[PDB]
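Chains as they are written, first to last, in my numbering: chain A, 973 to 1335; chain B, 973 to 1335; chain C, 3 to 161; chain D, 36 to 373; chain E, 5 to 341. Positions of the beta carbon are idealized from the N, C-alpha and C atoms, including for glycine. Structure record follows, encoded as structure tokens.
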Amino acid sequence: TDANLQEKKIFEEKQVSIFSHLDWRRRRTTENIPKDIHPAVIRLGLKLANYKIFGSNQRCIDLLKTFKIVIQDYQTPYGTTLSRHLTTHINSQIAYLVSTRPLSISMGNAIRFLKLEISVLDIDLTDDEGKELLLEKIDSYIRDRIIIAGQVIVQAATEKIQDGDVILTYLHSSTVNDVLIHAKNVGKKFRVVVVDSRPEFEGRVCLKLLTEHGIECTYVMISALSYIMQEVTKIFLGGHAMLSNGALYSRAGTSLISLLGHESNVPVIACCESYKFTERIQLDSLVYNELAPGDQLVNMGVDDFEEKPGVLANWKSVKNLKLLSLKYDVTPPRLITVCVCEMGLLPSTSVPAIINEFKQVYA
Amino acid sequence: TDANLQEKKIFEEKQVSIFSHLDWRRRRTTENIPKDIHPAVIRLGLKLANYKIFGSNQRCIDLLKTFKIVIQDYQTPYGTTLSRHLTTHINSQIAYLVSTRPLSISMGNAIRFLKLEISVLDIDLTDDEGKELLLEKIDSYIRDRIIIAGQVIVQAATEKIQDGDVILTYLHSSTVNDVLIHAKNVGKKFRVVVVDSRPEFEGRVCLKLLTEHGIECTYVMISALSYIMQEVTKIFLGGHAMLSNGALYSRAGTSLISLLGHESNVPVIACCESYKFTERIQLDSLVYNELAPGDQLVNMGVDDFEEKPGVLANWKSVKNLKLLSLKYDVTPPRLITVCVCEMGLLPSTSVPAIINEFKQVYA
Amino acid sequence: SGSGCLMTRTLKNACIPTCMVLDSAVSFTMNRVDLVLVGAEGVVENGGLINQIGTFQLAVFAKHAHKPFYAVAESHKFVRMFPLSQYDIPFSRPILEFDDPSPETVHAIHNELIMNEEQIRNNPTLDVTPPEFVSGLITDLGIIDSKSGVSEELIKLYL
Amino acid sequence: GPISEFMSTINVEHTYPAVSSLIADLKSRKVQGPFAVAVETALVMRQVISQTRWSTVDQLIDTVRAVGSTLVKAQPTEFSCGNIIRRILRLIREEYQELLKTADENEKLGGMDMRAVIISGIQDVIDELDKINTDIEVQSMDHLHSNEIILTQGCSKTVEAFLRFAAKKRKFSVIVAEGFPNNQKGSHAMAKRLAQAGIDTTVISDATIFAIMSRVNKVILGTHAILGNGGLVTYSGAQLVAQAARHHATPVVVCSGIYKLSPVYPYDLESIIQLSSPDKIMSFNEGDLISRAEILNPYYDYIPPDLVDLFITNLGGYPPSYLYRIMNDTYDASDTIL
Amino acid sequence: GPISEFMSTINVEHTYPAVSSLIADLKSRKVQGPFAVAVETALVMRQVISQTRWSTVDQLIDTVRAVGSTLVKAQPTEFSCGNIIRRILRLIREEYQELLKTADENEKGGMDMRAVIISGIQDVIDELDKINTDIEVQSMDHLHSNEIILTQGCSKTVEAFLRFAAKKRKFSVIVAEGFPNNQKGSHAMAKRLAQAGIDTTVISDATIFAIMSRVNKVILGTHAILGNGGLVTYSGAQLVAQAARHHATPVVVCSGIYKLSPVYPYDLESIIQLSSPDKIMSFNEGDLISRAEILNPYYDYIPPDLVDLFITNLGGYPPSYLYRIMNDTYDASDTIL
């Protein structure tokens, strides 16, 4: 690329706008693509930028079982051995795989794990030797950290549900959906509240899923929160990641949900999985975030961009007027009453210890 | 004043710095004063910029006592009666005075009052008839509005003092001193805490006064508030003005006193006088305020006049470096427990109604 | 429980000044206190507190009156329970139920018109202090203020 | 005491035609919003006074104090209606008592044809309303300052003209949370207008409020009405702004007219908030859903008065603990209920 | 159990001369500050181990567990000393235990681990001359351009913290001269970073509330941290804390970890020392100094529930995680000396 130039503009993008630093640059096409790139990565790469309702957790899976194929189809050159070169190959994958959409925390941590096990294997094992354990090491990483922990959480989460509750979710969290779905099958008596928001109404698909199991549900937009919260008794939240201070990191309205719940004295239950935890720490919801294109706001009506001649459609060419839409915010711990990880129901502030319970397992 | 394109220069003084708008322009010397300036006004204008400890009350008094001399020495241009022309003369006195120090609230309200009585004055009188009248009105103002109100506040103030108390004042409020000395003269058994602060340690003179009446007094700078407040049981503050929202407007360190007092459960008592109430309001202590030259804190050490220099003597010519010192800051009303006006003990939020009692049932 | 009188004597019996306070007027006394100290009848995961009813009644005052709050707990009182709110705790009998007044007709130190044993039973015997109000939790393991180390030490107990 | 007991149905339509004509448009929401209600509610009574027969004065107040009870029974939530009425009741009894004393001014010891002044008194308040935005926007320069970051919601025209005034001389930035789903259209228009006014305006989703409040100086708001307790009956999604602002120690500022002030007390909110059609929320097409779920869409939010920090009025800026004094100087406690 | 109950003063002065020398310089403030206390403490203990005769490790434990109790009796408030000690004690018992296990290979004398302990001590020394470098890095993950920072009283750790970010990003900072004690140093700091191209604004120690309205973050460098996460900071720092809490402005602390200590703040009146009143009132007002009560606190205390994030030579962590550093850095027995 332009190299330091395009890497100096970024550090010039530091001025008045409190979003001057948020990386807007994307690649939604395979135009001018490099050749160091495996096909299945590209499909995944196009999946990220174009899928909308996807990837609270499914990315890490879809990334890993894709990674297997990469290493499977990989073969080391005759000169150097395997571990001396594999990372550089994978490093060239993620670089592309970033310009499609910035990494999640669930993905980033897994990558940080994979690069480790690469550097620790013994050289005696040959290619067909070295590959075979990685898949198991990966297939285990999937079953141990993701799926099982899910089933553990779903059990533990459904545990503290009581017959007669009225519980509230917000924008289709595949984890929390599995909870309510599991809750119905055990015969728990309750009903659910679904809060949707603009732009891409990620919540209606949760309405579909829940209704296809016969669940008394209620669909109201976020701006009506002050109303419906009186009905609610419990609040469940599936997060993108939890922070070292104990803050919950999820999509835009995740804060207001926790806020009014507190000021209405209902609990905020954060269902998140352990590997999503991060030693990262941030105070305001603007230091580290990820942007969605503001064009999607032009859609005035209740559908994805289609027959929506918004009066803003020319904002890209109207000075002093620029739209935006974060898709992640930072909710402080004072509102979160509890996080439920496969290590059990823990106080959100108890996160960073759990991370330290891994560096012991890993040397 | 080249013109009021220098006021356009003020319109350019709205830049990044929070204090860009705060007026720094002063005239602390009689260089090139205009002709139409009364001598006894000059002395005051000099007293303004150079005096310290200039109590907000005494200024209003010394202003009025000076104003009488202006009118008493005033003679209208005959053929044009008094009321038609008096204001512009006086209006040319204020415009000078403000260039020595911006008008206190204790003065501006008096200004807006006298200018009123000028307009309402009966034309069918003559000069020696007219000027003699408002002199009594001025004297009546000083009798009713301040001295009596002062004499009422103190009595009502010391009423709520209890034997065994520990009083805390800060930076010499002539009213606050006036009530403290009364407390000793009625045999009230107590002791006083005196908080001082940089730069011009206005609190020493409060210590001087109280000591010359023999009171168990305690002198500590404000950066020890966390310590001393445990001993304190009541707090008394004399304000520069009280806002219609209920906020108290006094010297820069007034807020932390009330804050630390609240978080230590001591009451905050605002002894202020009615004529120092204002219809305006402030959310930040920066929008409406007045400054002091930053040089005055260059002198490190315990003295002010004494030529003990510092490491910042070049700050005027060191870019990205600037010293400042606001003289006043607001104080949110929820920290003020009571305000002591001559209308009695009132909650600070009841201020704006009292102002209406003046606007209404009068003219 | 009326356990105050027992606590009163046992202190007075050890030559220290006492002054009983009815549970209705603790707040009026807070400004006079310098420290608040209560026992523990049970400790949950989140740092909460299970003690005799009215324990939370105090800690809110100490909070609002800006006075510290300490609770003494022995290690063997920790429990795996994790109540969400300040209410969801397993309780035997039904609690705080009402009546059904059909249309009929059945009929300052007033010291003898007190709630009968029956209607007293309808009251709960335990309240719960959330961890935000426990400035300090003292145990045989030491003093624990984190209310996350409460859990780490807890996990260290349940093998 | 509604009029239906005093006067029947058809007779009202013959002597007071616009009344029953209005009530139709008032329940059918042909006329809605506070301003549009007030102006119409006024000139209706103009014709009423211009076409009524009466002798004394207690009978006259008993008439207007009766039609209003119905005229507010149509759509009570639009408090702008009754507010015009309660002020009118004082307008005559202040006029009556004022002229009752010019009689005994020198009298040594009738009651009609004072309509034109009452009409002129009525006509006055109408001229005041077309002024309301004008004598409010001038208060902006006492607060808004350059480089400051502002957040508002919806499309309150009063708040619009408020900012644009400062925008002419000083330049700064604002943040527009679209009042989804109801205040959507107007919000976008306002933002586009704010741009041409030279404001670094940024349109955000309704849910991005908490994210940017961390670096927001002040928040400005324009309600739909203010109740007796100082509570705000505002368009949808405002409690999000308030709670997020308070949680960030951000000062809340309300720039409302005074006619939207009403002393009715918020006994129960469930009888206050209204709900438009769910069409504004979920498309009619998703037929499986609308049958299997309960869908609601309100456009009224309520915020308790202990949240706001300042009101901007055509009279001036005043703290919430002072609104009562405006009431007794504008209404009469006899006319609280109707 | 002080050393006097184990060795006599002359013997202490003979075999361990630098100890009594340091004890003198301690109670007399010849040495001062947390850092300078720490470095000199270990250097003393280095020579101690370098010049001592013993056999068992249990007796060696009892020795260091005694001098410290005496060394901490000198000027306890400078907790930096005792923190170094308890670190060594664990550094022994775990080094002993790790060497008690290699010898248990199949055997189923026991000393002269000297130079290792010295090599372990030197590892502590070289670790300290580094905290700033280890801390000034995490800046770029918080401070951004056009941000507004408030900070009081010439904390060296905080200085290099900002100056690092100021090399690449440009932003503003408000400095409140920690009057009266931190006066001189604070002005120097302001003057220093002023040259580092960062908008510097020196204020009175009292205008804190006025500007907190438009302050993004606040940053503080303490003198010590106690077992409950409380902060023992230099004079006049509770204001800015309480000023921040009232404005929802977050509070961050950039401190090395050696200042952390598990002493529990039972009574603060036994913690906050008091310096000379000369620093706030001249000797001249003889009428006043005889007629009133003058006090000048050296330190200030803020409770942990006001801190929002810590910055350490290890990383950023919330206060609730602090304990898990102590158990990973100290041993529970060595809380009380």
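Proximity to residue i [Cα-Cα], best of the options
i: residue 1276(A); options: 75(D), 149(D), 318(D), 225(D); result: 318(D)
i: residue 256(D); options: 214(D), 234(D), 180(D); result: 214(D)
i: residue 160(E); options: 74(E), 140(E), 145(E), 231(E); result: 140(E)
i: residue 1079(A); options: 1033(A), 1280(A), 1220(A), 1041(A); result: 1033(A)
i: residue 197(D); options: 224(D), 167(D), 89(D), 182(D); result: 167(D)
i: residue 182(D); options: 231(D), 239(D), 253(D), 163(D); result: 253(D)
DSSP-derived helix/strand/coil call for residue i
i: residue 329(D); result: strand
i: residue 945(A); result: The question about residue 945(A) has no answer, for chain A in this structure spans 973 to 1335.
i: residue 1272(A); result: coil
i: residue 1201(A); result: coil
i: residue 309(D); result: coil
C-alpha distance - residue i paired with residue j, whole-angstrom precision
i: residue 320(E); j: residue 314(E); result: 5 Å
i: residue 272(D); j: residue 1169(A); result: 12 Å
i: residue 77(D); j: residue 53(D); result: 11 Å
i: residue 1082(B); j: residue 1223(B); result: 21 Å
i: residue 137(D); j: residue 84(D); result: 23 Å
i: residue 64(D); j: residue 115(D); result: 14 Å
i: residue 1135(B); j: residue 289(E); result: 29 Å
i: residue 67(E); j: residue 81(E); result: 22 Å
i: residue 308(D); j: residue 336(D); result: 7 Å
i: residue 1014(B); j: residue 996(B); result: 20 Å
i: residue 48(E); j: residue 340(E); result: 21 Å
i: residue 1150(A); j: residue 105(D); result: 53 Å
i: residue 1314(B); j: residue 177(D); result: 30 Å
Proximal chain B residues relative to residue i, where beta-carbon distance stays under 8 Å
i: residue 263(E); result: Under the 8 Å cutoff, chain B gives no residues; its nearest Cβ is about 19 Å from residue 263(E).
Below-8 Å beta-carbon distance, residue i vs any chain B residue
i: residue 182(E); result: yes
i: residue 208(C); result: One cannot answer for residue 208(C) here, as it falls past the ends of chain C, which runs 3 to 161.
i: residue 270(D); result: no
Contact with chain E by residue i, beta-carbon distance below 8 Å
i: residue 279(D); result: no
i: residue 252(D); result: yes
i: residue 149(C); result: yes
i: residue 988(A); result: yes
Under 9 Å by beta carbon: chain B residues contacting residue i
i: residue 112(C); result: Those within 9 Å of residue 112(C) in chain B number zero; the least Cβ separation is about 33 Å.
Contact set between residue i and chain A, taken where Cβ atoms lie within less than 8 Å
i: residue 94(E); result: Near residue 94(E) there are no residues of chain A at all, since even the closest Cβ is about 17 Å away, more than 8 Å.
Closer than 9 Å at the beta carbon, the chain A residues around residue i
i: residue 344(E); result: Nothing in the structure corresponds to residue 344(E), since chain E is present only between 5 and 341.
Chain D contact for residue i (CB, 8 Å cutoff)
i: residue 1309(B); result: no
i: residue 251(E); result: yes
Interface residues of chain C facing residue i [CB-CB closer than 9 Å]
i: residue 1296(A); result: Those do not exist, as residue 1296(A) stays about 35 Å from chain C at its closest Cβ, beyond 9 Å.
Proximal residues of chain E, C-beta to C-beta of residue i below 7 Å
i: residue 1217(A); result: 313, 322
CB contact below 8 Å: residue i versus chain C
i: residue 232(E); result: yes
Residue i: contacting residues in chain B (beta-carbon distance under 7 Å)
i: residue 286(D); result: 1255
C-beta neighbour in chain A for residue i, strict 8 Å
i: residue 6(C); result: no
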